[PDB]
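Colleague: This is the structure I want to talk about, given as structure tokens.
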Amino acid sequence: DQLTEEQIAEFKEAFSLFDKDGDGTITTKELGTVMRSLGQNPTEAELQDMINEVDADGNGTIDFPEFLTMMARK
Ligand SMILES: [Ca+2]
Ligand SMILES: [Ca+2]
């Protein structure tokens, strides 16, 4: 079950969907854009709560290693 390049690319592609400006972090705005693509209508505060759940380093936004937590949710 060793990590594959296929999986790594899947993780990077998924991160990039959210991180649309390529700056390496997912903001509330970026997360909101993906939520709205899914027909959802979260508020800024709700988006911040979503980020808070995985924002290990407390900088208020999602980086790539934090995003992996999301990929692991069942
Ligand atoms: Ca970004
Ligand atoms: Ca963070």
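Residue numbering restarts at 1 for every chain of the structure tokens, chains are lettered A, B, ... in their displayed order, and ligands are numbered from 1 as they appear.
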Counting only C-alpha atoms and all ligand atoms, name the residues that have an atom within 10 Å of an atom of ligand 1; the answer should be given as a ChimeraX atom specification.
Modeller: /A:15-31,61-63
Colleague: May I have the residues from that selection written out with C-alpha atoms, as a PDB file, in the first residue's frame?
Modeller:
ATOM      1  CA  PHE A  15      -5.608  20.805  -4.089  1.00  0.00           C
ATOM      2  CA  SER A  16      -5.362  22.810  -7.315  1.00  0.00           C
ATOM      3  CA  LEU A  17      -9.147  22.678  -7.849  1.00  0.00           C
ATOM      4  CA  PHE A  18      -9.505  24.627  -4.593  1.00  0.00           C
ATOM      5  CA  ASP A  19      -6.298  26.636  -4.811  1.00  0.00           C
ATOM      6  CA  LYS A  20      -7.300  28.250  -8.111  1.00  0.00           C
ATOM      7  CA  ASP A  21      -4.706  31.038  -7.943  1.00  0.00           C
ATOM      8  CA  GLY A  22      -1.887  28.534  -7.358  1.00  0.00           C
ATOM      9  CA  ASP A  23      -0.504  30.395  -4.319  1.00  0.00           C
ATOM     10  CA  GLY A  24      -0.281  27.218  -2.194  1.00  0.00           C
ATOM     11  CA  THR A  25      -3.066  27.968   0.247  1.00  0.00           C
ATOM     12  CA  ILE A  26      -6.862  27.580   0.208  1.00  0.00           C
ATOM     13  CA  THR A  27      -8.698  30.670   1.458  1.00  0.00           C
ATOM     14  CA  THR A  28     -12.342  30.950   2.615  1.00  0.00           C
ATOM     15  CA  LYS A  29     -13.083  32.531  -0.816  1.00  0.00           C
ATOM     16  CA  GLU A  30     -11.542  29.580  -2.639  1.00  0.00           C
ATOM     17  CA  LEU A  31     -13.348  27.029  -0.468  1.00  0.00           C
ATOM     18  CA  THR A  61      -6.077  28.977   5.504  1.00  0.00           C
ATOM     19  CA  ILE A  62      -5.539  25.435   4.176  1.00  0.00           C
ATOM     20  CA  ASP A  63      -2.096  24.341   2.939  1.00  0.00           C
TER      21      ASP A  63
END
Colleague: Residues contacting ligand 2 - anything with an atom at most 7 Å away, using only C-alpha atoms and all ligand atoms - can you give me those as a list in words?
Modeller: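 Final answer, ordered by chain and number: residues 55, 56, 57, 58, 59, 60, 61, 62, 63 and 66 of chain A.
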Colleague: Taking the chain letters and numbering used in this document, name the residues of chain A that DSSP puts in helix (DSSP H, G or I), as a PyMOL selection string.
Modeller: chain A and resi 5-18+28-37+44-52+64-72
Colleague: Would you save the residues from that selection as a short mmCIF file (atom, residue, chain, number, x, y, z; two decimals), in the first residue's frame, using C-alpha atoms?
Modeller:
data_model
loop_
_atom_site.label_atom_id
_atom_site.label_comp_id
_atom_site.auth_asym_id
_atom_site.auth_seq_id
_atom_site.Cartn_x
_atom_site.Cartn_y
_atom_site.Cartn_z
CA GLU A 5 2.76 8.83 -8.06
CA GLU A 6 -0.84 8.35 -9.25
CA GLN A 7 -2.08 9.18 -5.73
CA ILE A 8 0.26 12.13 -5.37
CA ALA A 9 -1.06 13.57 -8.66
CA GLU A 10 -4.64 13.01 -7.46
CA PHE A 11 -3.86 14.94 -4.26
CA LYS A 12 -2.17 17.79 -6.17
CA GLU A 13 -4.99 18.00 -8.73
CA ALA A 14 -7.59 18.12 -5.99
CA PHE A 15 -5.61 20.80 -4.09
CA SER A 16 -5.36 22.81 -7.32
CA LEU A 17 -9.15 22.68 -7.85
CA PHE A 18 -9.50 24.63 -4.59
CA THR A 28 -12.34 30.95 2.61
CA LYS A 29 -13.08 32.53 -0.82
CA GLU A 30 -11.54 29.58 -2.64
CA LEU A 31 -13.35 27.03 -0.47
CA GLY A 32 -16.62 28.97 -1.01
CA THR A 33 -16.14 28.84 -4.79
CA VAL A 34 -15.99 25.02 -4.68
CA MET A 35 -18.95 24.83 -2.27
CA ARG A 36 -21.00 27.04 -4.64
CA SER A 37 -20.07 24.74 -7.55
CA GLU A 44 -18.05 33.34 5.42
CA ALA A 45 -18.23 32.21 9.06
CA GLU A 46 -19.23 28.67 8.03
CA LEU A 47 -16.33 28.60 5.59
CA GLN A 48 -14.00 29.75 8.35
CA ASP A 49 -15.30 26.96 10.63
CA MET A 50 -14.58 24.48 7.81
CA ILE A 51 -11.02 25.73 7.56
CA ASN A 52 -10.64 25.80 11.37
CA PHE A 64 -1.30 21.14 1.10
CA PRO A 65 -0.37 18.92 4.10
CA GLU A 66 -3.51 20.14 5.94
CA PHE A 67 -5.63 19.47 2.82
CA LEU A 68 -4.57 15.82 2.97
CA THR A 69 -6.75 15.52 6.15
CA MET A 70 -9.72 16.30 3.92
CA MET A 71 -8.68 13.58 1.41
CA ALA A 72 -8.61 11.05 4.28
#
